Number of protein chains: 6
Amino acid sequence: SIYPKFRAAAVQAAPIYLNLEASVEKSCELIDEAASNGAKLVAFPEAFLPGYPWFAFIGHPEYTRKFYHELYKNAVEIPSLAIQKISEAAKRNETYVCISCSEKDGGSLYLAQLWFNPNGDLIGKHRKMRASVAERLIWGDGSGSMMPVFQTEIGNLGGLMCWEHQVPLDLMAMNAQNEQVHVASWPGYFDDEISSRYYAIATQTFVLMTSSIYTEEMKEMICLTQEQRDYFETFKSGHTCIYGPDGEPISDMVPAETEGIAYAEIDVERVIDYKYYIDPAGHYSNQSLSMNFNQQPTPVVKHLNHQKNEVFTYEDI
Amino acid sequence: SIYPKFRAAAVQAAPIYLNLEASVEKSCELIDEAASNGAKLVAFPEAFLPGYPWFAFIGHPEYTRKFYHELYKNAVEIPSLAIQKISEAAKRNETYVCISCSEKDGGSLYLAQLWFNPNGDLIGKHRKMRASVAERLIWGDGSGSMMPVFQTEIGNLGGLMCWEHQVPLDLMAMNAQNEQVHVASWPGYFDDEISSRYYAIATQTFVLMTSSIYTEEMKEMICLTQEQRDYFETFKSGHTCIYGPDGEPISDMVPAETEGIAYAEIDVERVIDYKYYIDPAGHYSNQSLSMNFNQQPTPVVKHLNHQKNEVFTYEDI
Amino acid sequence: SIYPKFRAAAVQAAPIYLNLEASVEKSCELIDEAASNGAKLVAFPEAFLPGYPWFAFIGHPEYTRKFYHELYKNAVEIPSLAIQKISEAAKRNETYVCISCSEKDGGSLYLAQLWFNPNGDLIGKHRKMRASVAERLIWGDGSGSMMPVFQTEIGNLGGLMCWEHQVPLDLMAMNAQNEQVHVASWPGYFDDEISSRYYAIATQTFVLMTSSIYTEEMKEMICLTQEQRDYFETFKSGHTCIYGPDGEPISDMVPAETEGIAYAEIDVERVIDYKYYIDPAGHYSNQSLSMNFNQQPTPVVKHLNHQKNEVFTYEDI
Amino acid sequence: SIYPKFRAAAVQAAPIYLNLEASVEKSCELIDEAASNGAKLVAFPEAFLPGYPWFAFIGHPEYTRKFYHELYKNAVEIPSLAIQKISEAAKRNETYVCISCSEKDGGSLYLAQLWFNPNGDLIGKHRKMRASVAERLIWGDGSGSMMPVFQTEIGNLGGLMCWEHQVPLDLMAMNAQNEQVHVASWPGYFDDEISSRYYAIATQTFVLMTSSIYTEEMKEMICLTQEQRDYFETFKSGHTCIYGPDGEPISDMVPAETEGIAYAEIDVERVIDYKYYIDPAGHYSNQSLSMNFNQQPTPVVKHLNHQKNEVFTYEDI
Amino acid sequence: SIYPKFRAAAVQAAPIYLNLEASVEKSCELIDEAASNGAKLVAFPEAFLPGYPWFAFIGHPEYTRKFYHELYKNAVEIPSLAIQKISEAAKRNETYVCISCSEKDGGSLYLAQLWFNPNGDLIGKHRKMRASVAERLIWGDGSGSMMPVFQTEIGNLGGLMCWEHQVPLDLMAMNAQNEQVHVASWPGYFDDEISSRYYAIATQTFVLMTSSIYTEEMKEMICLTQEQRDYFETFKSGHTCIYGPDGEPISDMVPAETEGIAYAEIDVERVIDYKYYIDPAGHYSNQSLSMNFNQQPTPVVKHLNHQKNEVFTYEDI
Amino acid sequence: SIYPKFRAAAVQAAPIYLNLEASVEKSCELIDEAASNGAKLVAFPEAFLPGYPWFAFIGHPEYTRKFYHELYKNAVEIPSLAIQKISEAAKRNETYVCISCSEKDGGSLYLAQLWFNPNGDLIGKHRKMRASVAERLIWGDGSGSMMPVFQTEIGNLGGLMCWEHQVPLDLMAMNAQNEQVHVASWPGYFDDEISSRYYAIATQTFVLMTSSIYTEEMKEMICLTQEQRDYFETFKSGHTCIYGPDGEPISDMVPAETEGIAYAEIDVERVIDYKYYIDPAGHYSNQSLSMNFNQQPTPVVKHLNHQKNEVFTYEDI
């Protein structure tokens, strides 16, 4: 492999809440402004299209139905306009774009992460394994089949999200495929400091820690009563940083709950020095511990060579 | 996709028994009536064109062979006068139509239902799976590739009949699609409110429960002995009404033994609220059970590369 | 489709052995005799123009060569004078006609069945699919693209011949076309009652057993040594009669050696009774078994865009 | 290959109606007497355990239910006492045995054949490819994985039931496996002669044609009113004869309405003299016609990685 | 098979809320009184032993964390005093009993059923497949190994609970194992008349259905504020009935919002009258659709054989 | 087996230090000289691609990390140009060739040995079971699943290296597979002659032993302080020889200071004489001692069936 040298970037921003066309044009403007500095890769926070669902934490399980209706009409799907508008924005700038969204296929709704290559093509996508405490009331289940890492011009890319960092099985599964540069997206409320820093030491990779901020445009409609509004203000902000495989930050930190961007040099040839001490999927292991990994698509229904039907035109009849 | 709002009609009616040439004219009169009131979709009961074969229940296996002539000589085929005459009736009024019939192809006889679109073209057809209990003497076996749902101006459409609601396999196979509005048809004898109501709860859809009524045109011709006549009067009559995805009527109920139509406005946007609780082909599944759904058309004999033939005309000879 | 009623005739006769110009006029006298009684269809026995090659299996393979030389100068061709004298005989009586020929094409030789319409034009032809042990060194091979069934004023016509009735794949192919009336011609020696009677049950048609008689001139031609002559007398003689779809005769039986004609009423509306019990191409089938029926013509060499040529007339030069 | 020269026997008898425990014992005195005369192979008629359902052909689709209730408790339920009572009678005599019966799986009935050899174990099993005319409402359906041809000390072995001799593709499927000695069995109402002799000629094999009789003790059970009794008892009985590959009987005829047995010498080397003329799957083939044969076992629900359970008990207590 | 007769009992009750010892003591009293009346099978309502978590959906997701701390200390581990107290109450009366509870398992918590034999031994567990919208915060998810059906002197026994009746794949998985007598438990908030009556028809079984009632003491614990204390009055309440294999109720319904029991005589050979019409996994199947069922146990960590340990005693040190 | 006779060659050489392309082209030239004399097998010393890591012995473990970064970028990936050049060199000469190198799969390095057969293909691979005193800093352990011997045109072949001769369990395991001709590579420093010779007496195989030599290329970069510079010259020189089953040499010596090549006749038929006295895997043992040899392939993570993933091209999007 090449061991390339380049500079990457991580964006701290908020979407226009539950309003998809305003969100996708703001996303397009952020790519066109981030790539102007010559950064080769750009990353975004959790659930950025159309927005992370705070209403599940504030109300009892009947309250969500009043807003789930308004979310479900604004979700992404694969043959849509939102995908084409992001593909134009990558093609115009020649940068790897990594972006998060709610997606609909069949009747259910899922949380996903999408990767666009500099030729404008969609490389592949990742699904969250299992939902955290509140969001089980909204999003569907994951799968073990679609958990990729991609060989690229900029080394082996991959990514995870939220509390996926809390379970060791997915750390080993990802590390077994030789990931080298890694993106981690957080919503903002969870304590994102330590579990992010630890993943760098455990697997020797540069971590682009990425997290969102609150705005009045959500909280002035997320809540219907005084108890719910002041209770919302008990939540907290989150940082964004680039960490080295040693566990210290390379970048500055984006300050004080305000929209912005952070970037640094990535010199991936340096990763070799820290694989001298540990390699969990290699020499630093044991003969009495193993793992069973399955990579097969098992949807509920598996079509077998579906074909189109015959139509009798009104002229024939 | 898109979520329209419109009003739809279902009819309780009886055909001119075994006499196709009068029966198709009564069908055109019911379309030109039901569309007068502004309904966008219309649906008919089971086996409506020649009529359902009650003679299979009243006598032993030798008795039906006498009546089978009158049936076989009055079944429709594609194309015919029946198809072009119903296509005129849909083209004049700009409404979707679902109509059920006995269709003849090869030497065999089958049961189907046909879908006509507002441009007058025939969208496709569906053929019954397994042929119940008495019908096994009269009608041929189904096929698995002919199980469509249609994407339309009025959402996603499809339908089923008789005991097809008693088998979980076809219910799950249909809900593997994304069906939203549904037509179910019954002959008068089977007990039908429970299975149609359960289907609406399990696969969140508006169901147009539709069924037929008996007449002296049957009674004075279909039987000969006193005990055949006495036995035939023991059968009960049916119902017609339309249900929400909550399992409750939105229409009124048509009276229990009279010809007439029922209608209501339907607002397919509302399905999302009940999609919140369960989704059997989505997030409510478990990765220990799956399904195989083969869609390859396999007729008994498959022609390859159909070709015509030449003749030596008597002027050339 | 439509279900006519009509009178049909089958002929027991012999040609003037290996002479074509006598045998075509014998057929004209015999068809004007058959059609004088008002029969609407007439069918002749196997290889009637100019005769069946009994010499092919009385002697060893070298004995055949000297007789083959005299057969080859007496075969028919598509534009031959032998066709005009039959086409006029059909035109002058307005009946369907079925006749058997040996055809010469491209210097090779084949066995064929050949059909004429009441307007005098040639409807189409059929070629023997495979030769039996007497035939394999006289006549050429079949083709799959030459297996027609004709829609007509008198219902769906077709007809195999000879040993073809022992091969189930041809029964299925012919039944897939939905035939209704089926000619079946035999030379005379092969045992022919039981296979033609099974065919009537298997595809539910009327069938016309048609076969030839031995004569004095053909044995004086073909024998030479005494142990050829008294060996030829080993062969059994044939018979002709017509069967219903139930498997009993409807006609009388023609006496078992003399020249003659049999005829009966045919009432094709009656076929529907027996399609109730069984239909191999319809309901009486299994999804675990199929058949590939290629139907394109593949001559050994294929001309593309056939065109003529120019000549420099002597006046020009 | 082997050409074993032996003796085989056809049995006609009636089982006492709808009583498994009596019919099982009655089969033992027949097998022991037939084997005491030196026959190596023995065959039995239709559904001999417990009995063929004549009540399907008389009265309404409701009138049969009160009898179906009694049939269900008398099905064979493999493995059972009814299997081991037959298996020992093979082991004690060293004869091959074919017998046919109602097999029960889960909730459902199938009609099947069971094959046993001199070591007393099952060679294999067979099931119908479709029902007939009346019993189509009683029995279920087989699959292509349950149509074997065996090979053993008496040559190759197989068999078919009822109208399976009248479907062209089943003749073709069996002939692909190099058939030699064939069992065929009939309920006595249908016409066995024509259906069987053609199969002998089309396969070039000895056919062990076998048939049932109906005893006076049926009349007092199956018909409850005078006209039903006077519509019954107006049927054929069939012939239980043995046919050689030429289509001529090789044994005496059994008297038309009694218990009895027929047997003859079988000399398998004789078939070679006839396979010289024609072979439907060998040298008599053509490139334009084929057949797709699929025999993947297809249960509706298939278990994989079957596991066993345990009961907890008083160890702790 | 055997087809027995017995008396079955269905109980309507309420547990002492979140207090296991008080709830265990009530169950021994109720089993002895039900068994004293001659019933041989006794069912129980949903989550009965510690009580169902109503607090899970009156409050937002940080209100419930206060009460989870009480439920965790009141769950049943296997084995326990709670099991010992039930097991002897079965042995003292020789009644089969079914009961439902939160099974504590390692650090995790699952909803489950237990079945006891008349000898007091444990027949087997069952685990909830997927949690419904109110309860996805509390319990973990089961797997396809822990879904048994088992054979016993009452006939075949099995069970399902809550929303599991609303998805088609579980209906087919249970029906594939030849079902006969079925039990259903409901929490009493969900409308269950339709889902239970359709299941009775769709598998043809006696279905025995049960539910719990609220008790006024719950409203002193579950709701700590006025609007919650009023809102929690607006819920539905549940039924208790025994339904025959066609949807008619056999017993009276339990007549009041009180503790009580329903009784009926059950006679399993009645089911055969209805298995005649349809059998979803038997003869009513089709080839085009199937189902894959996997029964391999799948614990997250599959620890193999484990050994004991040796400790050095104080005397030897 | 066949007991062949042939010439074998043993090579003493040093690589161009740490330059992989210079080492593989030097190796490619050295085969083309060694094969020019007609020897059929050629074997190289330990770690010839790219070189043995002497720096691990000269300094403390934080000095090693400075050089590890350059060794890692020059390790042999498979497949690569380093494999294609050696495969060409075997294909051009039709001699078996045996070579050893630092392979790199996943994140770790391993020392390995590779065998190329005369058709140019790899017949197999071996990994060093256990690392040596300083060498434990650099490479991972092997596995029991990779310990081949090959059946060949030149008898049964295998191989071992370095301290693997000191442990008797690997002597016994290698002897259990009936090896006949053996290669034993060494780095150069370890005391080798007596430990190598004992393998010949214990296993009765022809043994080829081969060692590397020191150069100025390493001396002027492995160290820089005088304290290291003159310490490194302490290490002993190596030897290259070949031995028979007698424990006594058949080759000449290669001079101890220089590169060179050694030859002899090998006559495998001569092994069965010495195998008269002792062989520990055969008759010369007793049942009171045994060995357990498990050879399952157990990597740390085991991929199951895995394929590719779907990609959407920029024109389609």
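Thresholds applied
- Residues numbered from 1 in each chain as written, not as in the entry; some residues may be left out.
- Chains lettered and ligands numbered in written order.
- Part of a larger assembly, values for the part shown.
- Heavy atoms only, no water.
- Helix = DSSP H or I, 4+ residues; strand = E, 2+ residues; numbered from the N terminus.
- Rg over C-alpha atoms; globule rule 2.2 N^0.38 Å.
- Buried < 20%, exposed > 50% of the residue type's maximum accessible area, 1.4 Å probe, protein only.
- Contact = heavy atoms within 4.5 Å.
- Areas by Shrake-Rupley, 256 points an atom, 1.4 Å probe, with all protein chains shown as cover.
- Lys, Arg positive; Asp, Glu negative; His and termini not counted.
- Charge placed at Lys NZ, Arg CZ, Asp CG, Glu CD.
- Patch = residues over 30% accessible without salt bridge, like charges linked within 9 Å, V, L, I, M, F, W, Y side chains within 5 Å.
- Salt bridge = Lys/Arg side-chain N within 4 Å of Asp/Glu carboxyl O.
- Axes fitted to C-alpha atoms, helices over the stretch in contact; angles between N-to-C directions.
- Parallel < 35°, antiparallel > 145°, perpendicular 65-115°, else oblique.
- Nonpolar A, V, L, I, M, F, W, Y, C, P; charged D, E, K, R; others polar.
- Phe/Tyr/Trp six-rings, centres within 6.5 Å; stacked < 30°, edge-to-face > 60°.
- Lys NZ or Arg CZ within 6 Å of the ring centre and 35° of its normal.
- Pairing = 2+ DSSP bridges.
- Buried area = accessible area lost by both parts, 1.4 Å probe.
- Disulfide = S-S within 2.5 Å.
- Polar contact = N/O pair within 3.5 Å; in protein donor to acceptor, adjacent residues only side chain to side chain.
- UniProt positions renumbered as here; feature names shortened; annotations may be inferred.

- Structure determination for this entry, per the PDB record, employed cryo-EM and reached 3.83 Å resolution.

**Some details on the overall build of chain A**
Okay, step 1: Along its length, chain A carries eight helices and 12 strands.
Okay, step 2: The C-alpha radius of gyration computed for chain A amounts to 21 Å, which stays within 12% of the reference 20 Å derived for 317 residues, consistent with globular compactness.
Okay, step 3: Overall, the C-alpha framework of chain A stretches about 70 × 60 × 45 Å when taken along its three principal axes.
Okay, step 4: In chain A, which comprises 317 residues, the share counted as buried stands at 58%.
Okay, step 5: Contacts spanning at least 24 positions in sequence make up 70% of the contacts within chain A whose residues lie at least 6 apart.
Okay, step 6: As displayed, chain A has an accessible area near 13600 Å², and 51% of this comes from carbon and sulfur atoms.
Okay, step 7: Mean positive and mean negative side-chain charge positions of chain A (24 and 42 charges, respectively) differ by 3 Å.

**Digging into a nonpolar patch on the surface**
Residue and element names in this part refer to chain F.
Okay, step 1: Taken together, the side chains of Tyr 276, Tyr 277, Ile 278 and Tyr 284 make up a nonpolar region of the molecular surface, amounting to roughly 560 Å² of accessible area.
Okay, step 2: Relative to the helices and strands, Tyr 276 is located in the loop between α9 (271-274) and β12 (301-306).
Okay, step 3: Since its relative accessible area comes to 67%, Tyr 276 is described here as exposed.

**Here's the deal with the packing of helix α1 (residues 20-34) of chain A against helix α4 (residues 81-91) of chain A**
Residue and element names in this part refer to chain A.
Okay, step 1: It is the contact of α1 with α4, at a shortest axis distance of 10 Å, that shows an interaxial angle of 10°. By the criterion of interaxial angle, the relationship of α1 to α4 is roughly parallel. Between α1, through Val 24, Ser 27, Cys 28 and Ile 31, and α4, the contact on the second element is made entirely by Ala 82, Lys 85, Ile 86 and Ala 89.
Okay, step 2: In terms of residue class, the contact of α1 with α4 is made up of six nonpolar, one polar and one charged.

**Observations concerning the packing of aromatic side chains**
Okay, step 1: Scanning the entire structure with this criterion turns up 119 aromatic pairs over all chains.
Okay, step 2: Ring centres 6.5 Å apart and planes at 35° place the aromatic pair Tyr52(A) and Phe57(A) in the tilted group.
Okay, step 3: Classification of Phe57(A) as buried rests on a relative accessible area of 10%.
Okay, step 4: For the cation-ring pair, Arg127(E) lies above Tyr110(E), with the distance from its terminal atom to the ring centre recorded as 4.2 Å.
Okay, step 5: Lying over the aromatic face of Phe232(F), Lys219(F) brings its terminal NZ or CZ to 5.1 Å of the ring centre.

**What about the sheet that holds strand β2 (residues 41-43) of chain B?**
Residue and element names in this part refer to chain B.
Okay, step 1: If you trace the six strands from one edge of the open sheet to the other, you get β5-β4-β3-β2-β1-β11, paired in mixed fashion. Across the chains shown, the open sheet's two edge strands, defined by having one partner strand only, are β5 (122-127) and β11 (260-267). Each strand of the sheet is rotated relative to its neighbour by a mean of 30°, with strand direction disregarded.
Okay, step 2: One ladder, built from three bridges, connects β2 with strand β3 (residues 96-105); its direction is parallel. Looking at the pairing, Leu 41 lines up with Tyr 96 of β3.
Okay, step 3: With respect to the sheet, helix α4 (residues 81-93) is in contact with β3 and β4 (108-116), its orientation differing from that of β4 by roughly 15°.

**Quick word on the arrangement of the chains**
Okay, step 1: Note that chain B does not reach chain F: the shortest distance linking a C-alpha of one to a C-alpha of the other is 17 Å.
Okay, step 2: Structurally, chain E and chain F remain out of contact, their C-alpha atoms never closer than 14 Å.

**Regarding the pattern of salt bridges**
Okay, step 1: All told, the structure shown has 82 salt bridges over all chains when counted by the stated rule.
Okay, step 2: Note that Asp246(E) is salt-bridged to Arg270(E), the shortest N-O span being 3.9 Å. With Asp246(E) in the loop between β10 (241-243) and β11 (260-267) and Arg270(E) in the loop between β11 and α7 (272-275), the pair connects residues that are 24 residues apart, well separated along the chain.
Okay, step 3: Exposure remark for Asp246(E): the relative accessible area of 29% places this residue in the partly exposed category.
Okay, step 4: Connected via shared salt-bridge partners are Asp32(A), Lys85(A), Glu88(A) and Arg92(A).

**Topic: the interface of chain E and chain D**
Okay, step 1: Tallying the contact residues gives 33 residues for chain E and 30 residues for chain D.
Okay, step 2: Buried area between chain E and chain D, both sides added, is near 2900 Å², and the carbon and sulfur share of it is 56%.
Okay, step 3: Area buried by chain E at its contact with chain D is led by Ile272(E), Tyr276(E) and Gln295(E), which between them contribute 22% of it.
Okay, step 4: Among the secondary structure elements, those contributing two or more residues to the side of chain E that touches chain D are α3 (81-91), β5 (122-127), α7 and β12 (291-294) of chain E.
Okay, step 5: Tallied by class, the residues present in the side of chain E that touches chain D amount to 14 nonpolar, 13 polar and six charged.
Okay, step 6: Note: strand β12 (residues 301-304) of chain D against β12(E), four bridges, orientation parallel.

**So, the state of the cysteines**
Simply put, disulfide is the name for a covalent bond between the sulfur atoms of two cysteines.
Okay, step 1: Per the counting criterion, the structure on display carries zero disulfides over all chains.
Okay, step 2: With no disulfide of its own, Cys241(B) lies 17 Å from the sulfur of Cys162(B), the closest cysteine sulfur.
Okay, step 3: Judged by its relative accessible area of 3%, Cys241(B) falls in the buried class.
Okay, step 4: With no disulfide of its own, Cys28(C) lies closest to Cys101(C) among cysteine sulfurs, the gap being 13 Å.

**Thoughts on the interface of chain B and chain E**
Okay, step 1: Residue-level contacts link 39 residues of chain B with 39 residues of chain E.
Okay, step 2: Buried surface at the junction of chain B and chain E, both sides included, amounts to about 3900 Å², of which 64% is carbon and sulfur.
Okay, step 3: Looking at the side of chain B facing chain E, the largest losses of area belong to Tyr198(B), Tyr284(B) and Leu289(B), adding up to 20% of the total buried there.
Okay, step 4: Our enumeration of links across chain B and chain E arrives at zero salt bridges.
Okay, step 5: Our count for the chain B to chain E interface comes out at 16 residue pairs in polar contact.
Okay, step 6: If you list the elements that add at least two residues to the side of chain B that touches chain E, you get α5 (168-175), α6 (193-202) and β12 (289-294) of chain B.
Okay, step 7: With two bridges connecting them, β12(B) and β12(E) associate as antiparallel partners.

**Notes on the UniProt feature "active site" (unreviewed entry) in chain A**
Residue and element names in this part refer to chain A.
Okay, step 1: Sequence positions flagged by UniProt for "active site" (unreviewed entry) are, in local numbering, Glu 46.
Okay, step 2: Mapped onto the elements of the fold, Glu 46 is located in the loop between β2 (41-43) and α2 (55-58).
Okay, step 3: Assessed through its relative accessible area of 3%, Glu 46 is described here as buried.
Okay, step 4: The residues contacting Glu 46, other than those within four sequence positions of it, are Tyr 52, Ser 100, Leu 111, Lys 128, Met 161, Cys 162, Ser 185, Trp 186 and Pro 187.

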